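S.K.: Below is one structure. I have some questions about it.
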Amino acid sequence: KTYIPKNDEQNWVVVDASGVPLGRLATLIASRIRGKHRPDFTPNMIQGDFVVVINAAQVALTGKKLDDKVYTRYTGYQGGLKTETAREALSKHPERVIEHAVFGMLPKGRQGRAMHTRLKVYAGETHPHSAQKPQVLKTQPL
Amino acid sequence: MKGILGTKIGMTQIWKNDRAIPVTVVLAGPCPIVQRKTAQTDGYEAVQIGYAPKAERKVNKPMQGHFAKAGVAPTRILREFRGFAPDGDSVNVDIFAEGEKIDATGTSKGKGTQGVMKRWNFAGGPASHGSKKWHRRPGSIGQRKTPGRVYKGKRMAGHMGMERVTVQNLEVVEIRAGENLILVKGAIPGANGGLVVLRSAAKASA
Amino acid sequence: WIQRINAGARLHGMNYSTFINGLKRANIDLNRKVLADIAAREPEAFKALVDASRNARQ
Amino acid sequence: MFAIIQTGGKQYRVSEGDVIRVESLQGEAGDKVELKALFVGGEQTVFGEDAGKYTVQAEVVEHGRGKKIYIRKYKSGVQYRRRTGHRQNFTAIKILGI
Amino acid sequence: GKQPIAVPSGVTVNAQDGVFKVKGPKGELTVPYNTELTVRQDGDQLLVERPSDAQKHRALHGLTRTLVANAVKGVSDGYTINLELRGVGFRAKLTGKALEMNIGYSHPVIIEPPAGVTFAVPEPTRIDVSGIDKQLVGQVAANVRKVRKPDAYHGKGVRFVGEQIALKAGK
RNA sequence: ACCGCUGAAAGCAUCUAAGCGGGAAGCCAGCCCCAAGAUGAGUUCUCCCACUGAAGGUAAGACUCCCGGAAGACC
RNA sequence: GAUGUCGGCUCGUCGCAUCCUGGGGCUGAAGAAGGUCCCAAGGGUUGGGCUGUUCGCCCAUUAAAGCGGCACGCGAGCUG
RNA sequence: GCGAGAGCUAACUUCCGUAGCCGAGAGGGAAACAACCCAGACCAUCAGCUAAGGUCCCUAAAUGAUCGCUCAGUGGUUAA
Ligand SMILES: [Mg+2]
Ligand SMILES: [Mg+2]
Ligand SMILES: [Mg+2]
Ligand SMILES: [Mg+2]
Ligand SMILES: [Mg+2]
Ligand SMILES: [Mg+2]
Ligand SMILES: [Mg+2]
Ligand SMILES: [Mg+2]
Ligand SMILES: [Mg+2]
Ligand SMILES: [Mg+2]
Ligand SMILES: [Mg+2]
Ligand SMILES: [Mg+2]
Ligand SMILES: [Mg+2]
Ligand SMILES: [Mg+2]
Ligand SMILES: [Mg+2]
Ligand SMILES: [Mg+2]
Ligand SMILES: [Mg+2]
Ligand SMILES: [Mg+2]
Ligand SMILES: [Mg+2]
Ligand SMILES: [Mg+2]
Ligand SMILES: [Mg+2]
Ligand SMILES: [Mg+2]
Ligand SMILES: [Mg+2]
Ligand SMILES: [Mg+2]
Ligand SMILES: [Mg+2]
Ligand SMILES: [Mg+2]
Ligand SMILES: [Mg+2]
Ligand SMILES: [Mg+2]
Ligand SMILES: [Mg+2]
Ligand SMILES: [Mg+2]
Ligand SMILES: [Mg+2]
Ligand SMILES: [Mg+2]
Ligand SMILES: [Mg+2]
Ligand SMILES: [Mg+2]
Ligand SMILES: [Mg+2]
Ligand SMILES: [Mg+2]
Ligand SMILES: [Mg+2]
Ligand SMILES: [Mg+2]
Ligand SMILES: [Mg+2]
Ligand SMILES: [Mg+2]
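Which chain is which? The protein sequence lines are G, B, N, O and E, in order. Residue 108 in PDB author numbering is what sits at position 79 of the first sequence, and the numbering runs on without skipping anything. Residue 48 in PDB author numbering is what sits at position 48 of the second sequence, and the numbering runs on without skipping anything. Residue 63 in PDB author numbering is what sits at position 3 of the third sequence, and the numbering runs on without skipping anything. Residue 35 in PDB author numbering is what sits at position 35 of the fourth sequence, and the numbering runs on without skipping anything. Residue 122 in PDB author numbering is what sits at position 118 of the fifth sequence, and the numbering runs on without skipping anything.
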């Protein structure tokens, strides 16, 4: 009875992270990935868009970009937790920090792993995906 | 930075100012500069270089084109040295001196599947006082319910040897420049006839 | 149903909450069952329903 | 577009024979009257009470008895297993009205 | 309370976002200040003013006012700390603009000034450090004092002009 | 941990409230070894070309098989 | 309708309330040698006599000869 | 939960009284979770309203409106 669509289209957009609080830029990108902005049409299908994050290096963070943000990874070996790259340090490779935030807000199933494909993070001002002319999102909601 | 390739000829005895000093002899034969790789073109700085000569009936057409691009009679072996940016070709003579420390890398003589007593120095069990596992065997492998498993990285019987091995800070006893020989104090990893790469000391030891 | 309806609603600048309110506050407007499909196929119509809800909330 | 608001019969716009929950009076030609809840004609939308004055004629087509299901139910470790049949009556009606 | 500035004659003070620039006898010196506070040139004499009587605004008011004072006075008037060494042996001299202290350590201790600082040796037993940035002159002289803190038992080590060093007991 | 420089809330004083320097066998990197199934599967050099009717003869190239090996249970 | 127990051996790995080594404050800290507290878990932490012993006492050395956890870690790994 | 004894004013302890739930109780909430919160499942529906509990993304629904508070990640582990 209820309408379900094609898969026909892919739409690209650049989000500028420059000076935005991370975490809020997080949920914005995570929803534009999930497909919640067009009608969700169907959960089965990733109708969501491709997103290009530029100036990922300059993301703002409150309270402590130090001290607070202790990112953590476990290695499989005894003593392999002590790997707490934390902090400002990961802004030595910024494209992962943003990329971690969005990935915690996509669902963990088989679609989410596939949705990871749709996030394209470039720490510098510029991006090379000029070919799929993306055009822009921006600041905040209503 | 500085490096060259060679074959491990053997190990003999030699006196220097009246003190016996075991030496490994290495043939550091001439090394053609085949491919030359810059960061500007290949994204990092290094130089490719070749060793044992190989008759051209034995050569792939693609490999013939690779050697022909530079103008080099084809060599059985090729390697790269980061940071080493020479000019011409790479003889033993010019780039080493008597008494440099130099790192010596080679491929360990390989010893097959070995038990924990050989591979990892385990104690092994008493050979008496009634006890099968009369030696050779690893003991316990875990704790019990609340570790639950055996550890990753654990130590147990395996393929010992046949590994890459560097030996730091070997001393250069003698260079017989014209014959392309080089004597080097102590024992390089490998086997006679094997490939070895001689290189600067990786550590700038004060 | 719901998850499509506010996606269209916000496409027109109001969320689900301040929409299905404003149809019910528009009282006799009551079509309710699967407004989803109206939002998903005719946007010329869902825009008019957005204008109706917003007029009712003023 | 047109669809029963399956609370009983009330609907939007466009004409095509469809199923519904039973309509009492039978045969055909019940001509059952329908009260608009929405309309899009010429893609000229009219809605809520203002449209509701609009008529929607529709004749009855056939009484029916849709596809069977089983009501089967189970609970654990308690011997509670019970099986029963069920089948819902319905009423085709062909849309026709303004 | 702390407000009025006594700006001299050779100075000029640029004004932007509260993070003002200065050029004068030894210009380009710049100090970074909060925007929520008011920065101002009333005209001849400088004046910094608090907005709110909240606990934190007054704190930044006092800090920014002392800092405009120190920075503006440091270009017109200069800076200098007169250190003296004490103890048997204990030598100091100069090589180029590098400080050579030779004081009871097996090695000599050399110190290379950061730029804008000037080491001086008016006496073989007197170090002197002139400069503009008060914070740099303070950190440089404090690095000289690190070389040996005066011991509790004899006062041996680096000092300022004439610190009333306290002295403990002994045997 | 601790040690300090400039310094306010208090015309004093204060390593702190903004900020700044020093400081460990520890942290990150540097040393050695593995590593693109890093499904995000990367880069560079060189070769064979554009056949016939998803296939089939073939290029470059490999494998099978033999004789061995400081490689190795078999692979 | 079975979760094999002390102790030894064999393998380890973790906590830190740190035995050694590293950095600091105070000392009734002159030096030297120490006391005590703070930070620190990288690595190291010996061989023997007696006893089933765990512990403990001794011998002889050590920078030091740490305390606990992991079914009082580990018997489809061994003893017994 | 409330009222008491025994207990250390311990215990997912034990023994009486009292109410409710589970026992034999599905459904929503409390991440997971017999007992706690809401609520007692005759069968069907691709219809609507609420309860507890919620409305940044996983994840249905205000990145709600107005006054303040805390710059501790307090929130998201006791006290003298
Ligand atoms: Mg072998
Ligand atoms: Mg033995
Ligand atoms: Mg487990
Ligand atoms: Mg609804
Ligand atoms: Mg069950
Ligand atoms: Mg039961
Ligand atoms: Mg002070
Ligand atoms: Mg600091
Ligand atoms: Mg430092
Ligand atoms: Mg270090
Ligand atoms: Mg060391
Ligand atoms: Mg692909
Ligand atoms: Mg084919
Ligand atoms: Mg061929
Ligand atoms: Mg059993
Ligand atoms: Mg059993
Ligand atoms: Mg027993
Ligand atoms: Mg501690
Ligand atoms: Mg000490
Ligand atoms: Mg002493
Ligand atoms: Mg002993
Ligand atoms: Mg232990
Ligand atoms: Mg016990
Ligand atoms: Mg045991
Ligand atoms: Mg066992
Ligand atoms: Mg017995
Ligand atoms: Mg009692
Ligand atoms: Mg009980
Ligand atoms: Mg029972
Ligand atoms: Mg009951
Ligand atoms: Mg229940
Ligand atoms: Mg439940
Ligand atoms: Mg649940
Ligand atoms: Mg819970
Ligand atoms: Mg329970
Ligand atoms: Mg139950
Ligand atoms: Mg409702
Ligand atoms: Mg409520
Ligand atoms: Mg939502
Ligand atoms: Mg809000």
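C-beta atoms are modelled at their ideal positions from N, C-alpha and C, and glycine is treated no differently.
When you compare only the Cα positions, how much space is there between N:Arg70 and O:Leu96?
M.R.: To locate residue 70 of chain N, count along the third sequence from 1; it is residue 10. To locate residue 96 of chain O, count along the fourth sequence from 1; it is residue 96. Rounded to the nearest angstrom, the two C-alpha atoms are 36 angstroms apart.
S.K.: From N:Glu104 to N:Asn87, what distance separates their C-alpha atoms?
M.R.: Stepping through the third sequence from its first residue, residue 104 of chain N is reached at position 44. Stepping through the third sequence from its first residue, residue 87 of chain N is reached at position 27. Cα-Cα distance, rounded: 21 angstroms.
S.K.: Residues of chain B with CB under 9 angstroms from G:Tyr103, in chain order?
M.R.: Residue numbering aside, residue 103 of chain G sits at position 74 when the first sequence is read from its first letter. What G:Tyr103 touches in chain B: nothing, since even the nearest Cβ is about 11 angstroms away.
S.K.: For N:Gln63, which residues in chain G fall below 7 angstroms Cβ to Cβ?
M.R.: Taking the third sequence and counting its residues from 1, one reaches residue 63 of chain N at position 3. Correct list: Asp69.
S.K.: So is the beta-carbon of B:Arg137 under 8 angstroms away from any non-hydrogen atom of ligand 25?
M.R.: One-based indexing of the second sequence puts residue 137 of chain B at position 137. The answer is no for B:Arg137.
S.K.: Report the rounded CA-to-CA distance for O:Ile4 versus N:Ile80, giving the unit in angstroms.
M.R.: Start at 1 with the first residue of the fourth sequence, and residue 4 of chain O comes out as number 4. Start at 1 with the first residue of the third sequence, and residue 80 of chain N comes out as number 20. Looking at the two C-alpha atoms, the distance is approximately 19 angstroms.
S.K.: Nearest to B:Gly125 by alpha carbon, out of B:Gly65, B:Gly190, B:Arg137 and B:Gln114?
M.R.: Mapped onto the second sequence, residue 125 of chain B falls at position 125. For B:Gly125, the nearest C-alpha among the options comes from B:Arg137.
S.K.: Would you report the Cα separation of E:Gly5 and G:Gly153, rounded to the nearest angstrom?
M.R.: Position 1 of the fifth sequence, counted from the start, is the residue given in the question as residue 5 of chain E. Position 124 of the first sequence, counted from the start, is the residue given in the question as residue 153 of chain G. In a straight line, the C-alpha of E:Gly5 is about 47 angstroms away from that of G:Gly153.
S.K.: Start and end of the alpha helix (DSSP H) containing N:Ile80?
M.R.: As a first step, residue 80 of chain N is located in the third sequence; it is residue number 20 there, counting from the start. Here the alpha helix (DSSP H) through N:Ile80 covers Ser77 to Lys84.
S.K.: Comparing the CB of B:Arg144 with every heavy atom of ligand 3, is any distance shorter than 8 angstroms?
M.R.: Locating residue 144 of chain B in the second sequence gives position 144, counting from the first residue. For ligand 3, not one heavy atom lies less than 8 angstroms from the Cβ of B:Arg144.
S.K.: Would you please verify whether the beta carbon of N:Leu71 is less than 9 angstroms from any beta carbon of chain O?
M.R.: Counting from one through the third sequence, the residue named residue 71 of chain N turns up at place 11. Not an interface residue.
S.K.: Mind pulling the beta strand (DSSP E) runs of 3 or more residues that sit fully within the segment 44-126 of chain G?
M.R.: Here the runs fully enclosed are 79-83.
S.K.: With a threshold of 16 other CB atoms inside 10 Å of the CB of E:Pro29, please say whether the residue is buried or exposed.
M.R.: The residue labelled residue 29 of chain E in the question sits at position 25 within the fifth sequence. With fewer than 16 Cβ atoms within 10 Å of its Cβ, E:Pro29 is classed as exposed.
S.K.: Relative to the alpha-carbon of B:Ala46, which residue among B:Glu163, B:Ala123 and B:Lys2 has its alpha-carbon at the smallest distance?
M.R.: Residue numbering aside, residue 46 of chain B sits at position 46 when the second sequence is read from its first letter. Ranking the options by Cα distance to B:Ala46, first place goes to B:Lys2.
S.K.: List, in chain order, every chain O residue whose beta-carbon is nearer than 9 angstroms to that of N:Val94.
M.R.: As a working note, residue 94 of chain N is residue 34 in the third sequence. Those are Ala3 and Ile5, listed as they occur along chain O.
S.K.: Looking at the C-beta of B:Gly178, does it have a partner C-beta in chain G at a distance below 9 angstroms?
M.R.: By one-based count along the second sequence, residue 178 of chain B stands at place 178. It does not: the Cβ of B:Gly178 has no partner Cβ on chain G nearer than 9 angstroms.
S.K.: Which term fits B:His135, buried or exposed, when burial requires 16 or more other beta carbons within 10 angstroms of its beta carbon?
M.R.: Within the second sequence, numbered from 1, the residue matching residue 135 of chain B stands at position 135. Under this definition B:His135 is an exposed residue.
S.K.: Three or more C-beta pairs under 8 angstroms: does that hold for the segment 21-36 of chain E against the segment 67-87 of chain E?
M.R.: Short answer: they touch.
S.K.: Residues in its own chain within less than 8 angstroms of O:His86 by CB, not counting five upstream and five downstream?
M.R.: On the fourth sequence, residue 86 of chain O is found 86 positions in, with the first residue counted as 1. Correct list, in chain order: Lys68, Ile69, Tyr70 and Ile71.
S.K.: If you measure from the beta carbon of N:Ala108 to each beta carbon in chain O, is any gap under 9 angstroms?
M.R.: As a position in the third sequence, residue 108 of chain N is number 48, starting the count at 1. N:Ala108 counts as touching chain O.
S.K.: N:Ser113 to G:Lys111, Cα distance in whole Å?
M.R.: Taking the first residue of the third sequence as position 1, residue 113 of chain N is located at position 53. Taking the first residue of the first sequence as position 1, residue 111 of chain G is located at position 82. Cα to Cα, the separation comes out at about 56 angstroms.
S.K.: With burial defined as no fewer than 16 other Cβ atoms inside 10 Å of the residue's Cβ, what is the status of O:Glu34: buried or exposed?
M.R.: The count along the fourth sequence starts at 1 and reaches residue 34 of chain O at position 34. Flag for O:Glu34 reads buried.
S.K.: Which stretch, first to last residue, makes up the alpha helix (DSSP H) that contains E:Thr70?
M.R.: Mapped onto the fifth sequence, residue 70 of chain E falls at position 66. Where E:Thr70 is concerned, the enclosing alpha helix (DSSP H) stretches over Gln59 to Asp81.
S.K.: Assuming G:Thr168 and G:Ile83 form a contact by the criterion Cβ under 8 angstroms, report the distance between their Cβ atoms to the nearest whole angstrom.
M.R.: Within the first sequence, residue 168 of chain G is the residue found at index 139, counting from 1. Within the first sequence, residue 83 of chain G is the residue found at index 54, counting from 1. No, G:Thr168 and G:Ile83 are not in contact; Cβ-Cβ is about 15 angstroms, not under 8 angstroms.
S.K.: Cα-Cα, which of O:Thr91, O:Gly9 and O:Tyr12 is closest to O:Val61?
M.R.: For the purposes of this step, residue 61 of chain O is taken as residue 61 along the fourth sequence, with counting starting at 1. If we check each option's Cα against that of O:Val61, O:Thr91 comes out closest.
S.K.: What residues match up with B:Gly158 in a beta bridge as DSSP calls it?
M.R.: Counting from 1 along the second sequence, the entry for residue 158 of chain B is found at position 158. Looking at the DSSP assignment, B:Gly158 forms a beta bridge with B:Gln114.
S.K.: Output the boundary residues of the alpha helix (DSSP H) element that contains N:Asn115.
M.R.: Translated into the one-based positions of the third sequence, residue 115 of chain N becomes position 55. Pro103 to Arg117 is the span of the alpha helix (DSSP H), which, as asked, contains N:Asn115.
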